[PDB]
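Undergrad: One structure coming up, written as structure tokens, with questions to follow.
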RNA sequence: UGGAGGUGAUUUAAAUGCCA
RNA sequence: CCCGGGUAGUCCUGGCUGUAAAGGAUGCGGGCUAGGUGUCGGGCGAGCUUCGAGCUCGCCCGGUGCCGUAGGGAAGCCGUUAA
RNA sequence: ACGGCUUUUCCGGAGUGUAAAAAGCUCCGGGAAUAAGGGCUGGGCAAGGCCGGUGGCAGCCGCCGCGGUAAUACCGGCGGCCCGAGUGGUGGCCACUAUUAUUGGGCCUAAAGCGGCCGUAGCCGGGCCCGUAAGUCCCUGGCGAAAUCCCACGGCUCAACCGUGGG
Ligand SMILES: [Mg+2]
Ligand SMILES: [Mg+2]
Ligand SMILES: [Mg+2]
Ligand SMILES: [Mg+2]
Ligand SMILES: [Mg+2]
Ligand SMILES: [Mg+2]
Ligand SMILES: [Mg+2]
Ligand SMILES: [Mg+2]
Ligand SMILES: [Mg+2]
Ligand SMILES: [Mg+2]
Ligand SMILES: [Zn+2]
């Protein structure tokens with residue numbers, strides 16, 4: 002994990018902010034990722050995360066779902082541009098997702114890889130299926146659901162070891178956050194890879210929309226972000 | 002619309018009635034109970050049959066293609082029905098003479114109907130005079146009974 | 002109603018072409034020199050049944066379900082796939098690779114009985130190894146725990162004298 | 002019409018929390034509703050309630066904590082042999098024990114986190130979680 | 003990891019339902035007091051519901 | 001800011017189109 | 001299609017016909033969940049008042065309209081007269 | 001390419017098995033000797049931007065789809081990938097198909113509300129007290145053949161297959 006600390010000294014000196022949060026990370030007060038989120042700041046410059054999540058750029062926390070070209074007409078023929086769906090996040094607890102556009106497949110991919118650096122959000126975890134009574138973050142804690150477009154889906158815990166079981170453009174974006182074993186009930190139309198992606202990721206957001214009282218914390222081993230490096 | 006029809010405790014009888022009725026508006030259910038695939042099926046619902054040939058004709062394909070596939074007409078033995086057999090294998094038509102006993106299979110497409118460009122056929126060749134046709138497609142075997 | 006049939010003892014794969022799955026089992030298909038793909042899935046099945054037993058006894062309770070659970074540990078450690086005391090849940094922390102070891106081919110190899118994998122196999126299947134004073138001819142036997150150590154050559158085999166010059170190739174590698 | 006002194010109440014309260022309210026009013030007041038309040042409070046879910054009557058069937062005054070994600074009701078009103086619980090905890094819950102599942106047995110009303118210990122069964126009513 | 007209840011989910015003061023990682027909640031030192039801290043969760047804040055300093059007696063916006 | 005409704009008016013003779 | 005005429009019908013009494021875009025293209029009853037804005041009935045409260053059964057302004061209960069939060073739908077869009 | 005070694009299989013031969021036999025099974029004697037098809041090779045879906053024939057012709061195609069003189073999509077050849085004593089082809093049934101839905105669908109514009117209204121039967125029905133024990137729940141007698149399923153242990157070399165236990 003060396004290079005992904007060398008990048009900190011490579012980057013922190015080679016950039017001046019244009020926003021404010023830029024400063025409040027550049028000058029040594031806030032230096033730990035998990036204390037910038039739950040306060041309603043704004044993320045507009047895509048380096049603040051790199052300076053604290055410097056493994057997001059590793060070509061392995063990065064995943065590229067699909068390229069799809071779209072068309073429109075003008076009175077001089079066709080005009081055509083690409084959209085790629087790209088998601089990223091370290092393989093510990095944090096994931097982000099972006100679309101982007103552009104007129105060439107490169108510019109598209111890079112633009113999207115950048116957009117998906119800002120939205121990035123964090124999770125909870127657990128193990129609370131009726132079998133894995135263990136307490137180690139290898140499954141989503143409690144059955145929750147999320148909606149988008151014309152697709153609903155509700156995730157269910159499951160025992161340590163049952164391999165990922167969801168559609169083929171869900172296995173990636175579940176693998177990134179490392180959620181390994183989880184069972185799937187689908188509705189709607191799973192053939193627009195986009196709304197699929199966005200609905201799954203929305204559910205994983207909603208993971209933090211239910212109140213778990215003090216005691217239940219030590220029933221499923223809920224965590225937040227990294228746990229036991 | 003409201004909650005649901007007999008969503009009470011005791012009215013299960015009505016509920017079984019509701020399901021027993023609305024089950025019929027299907028299409029695979031009916032085509033089985035009343036056994037309609039039976040008694041409209043020039044083989045009486047079986048996986049193969051034998052026949053005799055009558056002619057040698059040719060058919061044209063779907064709208065956006067081009068060609069004249071060859072075709073034969075078999076007269077069945079099980080029923081006296083007269084059914085339409087297509088034969089694959091380039092130029093296989095060089096062999097099927099008038100009055101040769103042949104075998105007939107399906108073509109296994111949508112619903113069991115036809116497939117591809119030849120829309121009007123439903124039956125293809127496998128064996129002639131007890132000889133597997135794929136052979137004569139690449140020769141590789143000789144032919145009995147002339 | 003209808004007489005009893007004799008089931009197959011495994012489970013083919015749902016879809017046989019998941020590219021990165023073929024090129025995952027690929028290596029193990031050589032790393033032990035098995036012969037046909039089935040020669041593996043049998044064991045995967047053997048594993049999935051152990052696990053399917055692990056869960057269910059963990060979400061019931063009752064006089065017999067308990068003993069039927071606690072008469073398991075005796076086995077799955079008597080075979081040797083487990084530590085001495087792994088309390089039930091550890092049973093889920095098992096791999097294809099642990100079972101894959103207890104094959105007689107590997108064990109007769111990790112004890113230096115011959116040069117490599119594709120040759121320990123023949124040394125068995127021509128009848129030279131011997132278990133607890135008994136021939137075997139099964140390149141897929143699962144040697145237990147009680148017998149890994151009581152294993153030598155055959156009392157009538159052309160090898161059982163340090164003068165079969167092919168036997169005298171076997172030491173040179175050992176070092 | 003007034004077909005149900007209960008599903009009225011639970012749906013009304015699980016809306017009253019969803020906007021963020023603080024006080025409530027149960028309109029018709031059985032004895033069993035006061036029962037269900039008792040069992041629902043002891044596990045720390047709602048505030049301090051009292052019985053105001055004004056001549057007809059009384060009302061109810063309760064305060065909240067904005068604290069219960071979702072409550073509904075089970076109308077077909079099953080009975081349960083005392084040994085089929087998971088089968089009904091794979092239908093209403095987010096976990097194996099997250100939350101409760103009330104029961105109406107032969108020694109009154111009592112959550113199943115104690116009904117399973119005393120080992121009995123019977124008609125359900127509804128579910129808080 | 004060296005969990006000493008490392009970092010704690012701040013909780014609204016109007017609503018009571020702890021705060022999610024993008025809801026536009028907002029913090030400010032309590033007026034009239036200068037000492038207590040007050041958050042307001044998102045929906046808690048839209049339809050304006052009052053609050054009150056935990057130590058002052060001054061209540062409502 | 002945008003509509004949301006109602007009463008009147010609202011025009012000679014003008015047919016059809018292989019091929020990839 | 002335009003124009004000049006003209007039979008049955010339209011009209012009155014006792015009948016059979018039981019057909020519509022018979023369209024809020026939305027079956028019917030009950031509880032609950034933001035606020036704004038007119039208008040018909042009734043009523044209650046203050047003011048005026050050619051003192052009239054009149055003219056303003058609040059507030060409670062009923063029908064008929066528009067704009068729009070939470071939420072909901074493939075979106076047109078509904079929003080206590082729910083979809 | 002050469003050098004060593006082997007004998008499950010294959011040929012000879014004896015013991016033993018058997019109602020008589022045949023198989024098998026322990027020994028000897030021989031010897032790398034006696035032991036490979038099938039389907040694919042445009043996206044679905046692992047795999048050839050490789051060469052040589054064919055001219056909207058012959059042909060392929062489970063669906064979408066190629067063939068107009070420059071075809072990764074026919075016919076070949078050469079390469080190449082999936083299974084492996086099996087791989088392919090036509091017919092039925094279940095899952096996939098929340099396209100028969102109690103769990104668990106819908107019905108303004110897409111299938112789909114009866115032109116509207118009374119009420120028969122049947123289905124759901126306010127609050128409070130006192131009884132009944134049918135509905136319910138629990139404990140408990142008598143019961144639902146063996147076979148078939150699952151758990152270990154034991155016997156054929158272990159596997160099937162057989163048995164003593166336990167559900
Ligand atoms: Mg004109
Ligand atoms: Mg070719
Ligand atoms: Mg490929
Ligand atoms: Mg449907
Ligand atoms: Mg009642
Ligand atoms: Mg029996
Ligand atoms: Mg034995
Ligand atoms: Mg055995
Ligand atoms: Mg068995
Ligand atoms: Mg048996
Ligand atoms: Zn766990």
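Chains as they are written, first to last, in the authors' numbering: chain F, 2 to 230; chain N, 2 to 147; chain D, 2 to 176; chain I, 2 to 130; chain C, 3 to 63. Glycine residues also receive a C-beta, built at the ideal position from the N, C-alpha and C atoms.
Which term fits residue 104 of chain I, buried or exposed, when burial requires 16 or more other beta carbons within 10 angstroms of its beta carbon?
TA: Sequence index remark: in the fourth chain, residue 104 of chain I carries index 103 (1-based). The residue is buried, with at least 16 neighbouring Cβ atoms inside 10 Å.
Undergrad: Less than 8 Å separating the beta-carbons of residue 146 of chain F and residue 23 of chain C?
TA: Along the first chain, one-based indexing puts residue 146 of chain F at 145. Along the fifth chain, one-based indexing puts residue 23 of chain C at 21. Not closer than 8 Å, so no.
Undergrad: Can you list every residue whose CB sits closer than 5 Å to some heavy atom of ligand 11, going in chain order?
TA: Going along the chain, the residues that qualify are F:128, F:133, F:135, F:137, F:139.
Undergrad: Compare the C-beta of residue 9 of chain C against all C-beta atoms of chain F and say whether one is closer than 8 Å.
TA: Stepping through the fifth chain from its first residue, residue 9 of chain C is reached at position 7. Chain F, which has a Cβ nearer than 8 Å to the Cβ of residue 9 of chain C, makes this yes.
Undergrad: At 4 residues or longer, what runs of the alpha helix (DSSP H) sit wholly inside the segment 120-195 of chain F?
TA: Here the runs fully enclosed are 172-177.
Undergrad: Can you list the residues of chain D that residue 160 of chain F reaches, using a CB-CB cut of under 7 Å?
TA: Numbered from its first residue, the first chain carries residue 160 of chain F at position 159. Under the 7 Å cutoff, chain D gives 56, 93.
Undergrad: I'd like to know if residue 131 of chain F contacts chain I, where contact means its C-beta is closer than 8 Å to some C-beta of that chain.
TA: What you label residue 131 of chain F is simply residue 130 of the first chain in a count that begins at 1. It does; some Cβ of chain I falls within 8 Å.
Undergrad: I'd like the ranges of any alpha helix (DSSP H) spanning at least 4 consecutive residues and lying wholly in the segment 41-105 of chain I.
TA: Correct list: 86-90.
Undergrad: Could you give the DSSP three-state label for residue 119 of chain D: helix, strand or coil?
TA: Within the third chain, numbered from 1, the residue matching residue 119 of chain D stands at position 118. Helix.
Undergrad: Using 8 Å as the threshold, is the segment 79-87 of chain N in touch with the segment 34-52 of chain N, meaning 3 or more CB pairs across them?
TA: The segment 79-87 of chain N, when compared against the segment 34-52 of chain N, does touch it at the 8 Å Cβ threshold.
Undergrad: For residue 53 of chain C, does the count of other Cβ atoms within 10 angstroms reach 16, so buried, or fall short, so exposed?
TA: Residue mapping note: residue 53 of chain C aligns to position 51 of the fifth chain, counting from 1. The residue in question, residue 53 of chain C, is buried, as its Cβ has 16 or more Cβ neighbours within 10 Å.
Undergrad: Touch check for the segment 53-60 of chain F and the segment 24-43 of chain F: three-plus C-beta pairs under 8 Å?
TA: Touching, per the Cβ criterion.
Undergrad: Would you mind sorting residue 26 of chain I into buried or exposed? The rule is 16 or more other CB atoms within 10 Å of its CB.
TA: As a position in the fourth chain, residue 26 of chain I is number 25, starting the count at 1. By the neighbour-count rule (16 or more Cβ atoms within 10 Å), residue 26 of chain I is not buried but exposed.
Undergrad: Applying the criterion that 16 or more other CB atoms from any shown protein chain within 10 Å of the CB defines a buried residue, is residue 91 of chain F buried or exposed?
TA: By one-based count along the first chain, residue 91 of chain F stands at place 90. Buried, by the Cβ-count rule.
Undergrad: Interface residues of chain F around residue 39 of chain C at Cβ under 8 Å?
TA: As a working note, residue 39 of chain C is residue 37 in the fifth chain. Simply none; closest approach about 12 Å.
Undergrad: With a threshold of 8 Å between beta-carbons, can residue 21 of chain I be considered close to chain C, or not?
TA: Position 20 of the fourth chain, counted from the first residue, corresponds to residue 21 of chain I. Answer yes: the Cβ-Cβ gap between residue 21 of chain I and chain C drops below 8 Å somewhere.
Undergrad: Please compile the residues from chain D whose C-beta is within a distance smaller than 9 Å of the C-beta of residue 135 of chain F.
TA: The residue labelled residue 135 of chain F in the question sits at position 134 within the first chain. By Cβ distance, chain D contributes 90, 93.
Undergrad: Count the other CB atoms within 10 Å of the CB of residue 209 of chain F; is the residue buried (16 or more) or exposed (fewer)?
TA: The residue labelled residue 209 of chain F in the question sits at position 208 within the first chain. Per the 10 Å Cβ criterion, buried.
Undergrad: Consult DSSP for residue 92 of chain D and reduce its assignment to one of helix, strand or coil.
TA: Numbered from 1 along the third chain, position 91 holds the residue referred to as residue 92 of chain D. Here residue 92 of chain D sits in helix by DSSP.
Undergrad: Would you list the one or two residues that DSSP bridges to residue 127 of chain D?
TA: Translated into positions along the third chain, residue 127 of chain D becomes position 126. For residue 127 of chain D, which the question treats as bridged, DSSP gives no partner whatsoever.
Undergrad: Can residue 105 of chain N and residue 124 of chain N be called in contact, C-beta distance under 8 Å?
TA: Taking the first residue of the second chain as 1, we reach residue 105 of chain N at position 104. Taking the first residue of the second chain as 1, we reach residue 124 of chain N at position 123. A contact, by the Cβ cut-off of 8 Å.
Undergrad: Using three-state DSSP, classify residue 20 of chain N as helix, strand or coil.
TA: Working through the second chain from its first residue, we reach residue 20 of chain N at position 19. Residue 20 of chain N: helix per DSSP, three-state reduction.
Undergrad: Hey, is residue 42 of chain C's beta-carbon within less than 8 Å of any beta-carbon in chain F?
TA: Residue mapping note: residue 42 of chain C aligns to position 40 of the fifth chain, counting from 1. For residue 42 of chain C, the answer is no, since every Cβ of chain F falls outside 8 Å of its Cβ.
Undergrad: Could you tell me which of N:5, N:68, N:120, N:112 sits nearest to residue 28 of chain N, measuring between CA atoms?
TA: The residue labelled residue 28 of chain N in the question sits at position 27 within the second chain. That would be N:112, whose Cα lies nearest to the Cα of residue 28 of chain N.
Undergrad: Are there 16 or more other CB atoms within 10 angstroms of the CB of residue 16 of chain C, so buried, or fewer, so exposed?
TA: On the fifth chain, position 14 is the one that residue 16 of chain C refers to. Residue 16 of chain C is buried by the Cβ-count criterion.
Undergrad: Have a look at the DSSP bridge pairing and note the partners of residue 109 of chain I.
TA: On the fourth chain, residue 109 of chain I is found 108 positions in, with the first residue counted as 1. DSSP, once it has assigned bridges, lists I:106 as partnering residue 109 of chain I.
Undergrad: So who's on the other strand from residue 78 of chain F, going by DSSP bridges?
TA: Walking along the first chain from the start, residue 78 of chain F turns up at place 77. The partner list for residue 78 of chain F (beta bridge, DSSP) reads F:75.
Undergrad: In whole angstroms, give me the CA-to-CA distance for residue 41 of chain F and residue 2 of chain I.
TA: Taking the first chain and counting its residues from 1, the one referred to as residue 41 of chain F is at position 40. Taking the fourth chain and counting its residues from 1, the one referred to as residue 2 of chain I is at position 1. Answer to the nearest angstrom: the Cα atoms are 47 Å apart.
Undergrad: Ends of the alpha helix (DSSP H) at residue 50 of chain N?
TA: Here residue 50 of chain N refers to the residue found at position 49 when the second chain is read from its first residue. It is not in any alpha helix (DSSP H) - residue 50 of chain N instead sits in the beta strand (DSSP E) that spans 50-54.
Undergrad: Need the endpoints of the beta strand (DSSP E) that residue 12 of chain D sits in, please.
TA: Translated into the one-based positions of the third chain, residue 12 of chain D becomes position 11. Per DSSP, residue 12 of chain D belongs to no beta strand (DSSP E) and is neither H nor E.
Undergrad: Could you name the residues of the same chain whose beta carbon sits closer than 6 Å to that of residue 102 of chain I, not counting the 5 residues immediately before and after it, in chain order?
TA: For this step, residue 102 of chain I is matched to residue 101 along the fourth chain. Cβ neighbours of residue 102 of chain I beyond the five flanking positions: 113, 128.
Undergrad: With DSSP collapsed to three states, give me the class of residue 87 of chain D.
TA: Your numbering for residue 87 of chain D matches position 86 in the third chain. Looking at residue 87 of chain D - three-state DSSP - the assignment turns out to be coil, as it is neither helix nor strand.
Undergrad: Would you mind sorting residue 13 of chain I into buried or exposed? The rule is 16 or more other CB atoms within 10 Å of its CB.
TA: As a first step, residue 13 of chain I is located in the fourth chain; it is residue number 12 there, counting from the start. By the 10 Å Cβ count, residue 13 of chain I comes out exposed.
Undergrad: Which residues, in chain order, does the segment 62-78 of chain I contribute to contact with chain C at a C-beta distance below 8 Å?
TA: Those would be 66, 67, 68, in chain order.
Undergrad: Within the 8 Å Cβ cut-off, does residue 66 of chain D reach chain F?
TA: In the third chain, counting from the first residue as 1, residue 66 of chain D sits at position 65. False, the Cβ-Cβ gap to chain F never drops below 8 Å.
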